[PDB]
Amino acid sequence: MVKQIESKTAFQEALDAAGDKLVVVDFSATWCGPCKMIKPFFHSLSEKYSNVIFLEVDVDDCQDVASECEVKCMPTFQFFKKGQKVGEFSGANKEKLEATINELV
């Protein structure tokens, strides 16, 4: 399932506890249309790939995490492996989302 991140401390902790696993972070905003459209698919993905950690960060709630991750478009997906960012793209592209997961897993 998707983990809801509500603090910078929580973001760091989850990245740390992911250990070996790939972390996919969804940076969204409630006003963004595309973000709402792709949410169900993003959740479906967390149920399909249990060997991958799925994170959700609302930019309004965590402006500090948003800023530090240099997010500028919505939605933005950032991929992390052992605390290091290994991928990133923006736009609600379903195929590309799953496709990128299969490349970095």
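The numbering used is simple: start at 1 and walk along the sequence shown.
- Checked against the record, the higher mean CA B factor of 72-80 and 45-53 lies with 45-53.
- Higher mean CA temperature factor between 22-30 and 63-71: 63-71, per the PDB entry.
- In the PDB entry, a CA B factor belonging to the middle third of its chain's modelled residues is recorded for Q4.
- Among the modelled residues of the chain, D16 sits in the highest third by CA temperature factor in this PDB entry.
- Ranked against the other modelled residues of its chain, the C-alpha B-factor of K94 as given in the entry falls in the middle third.
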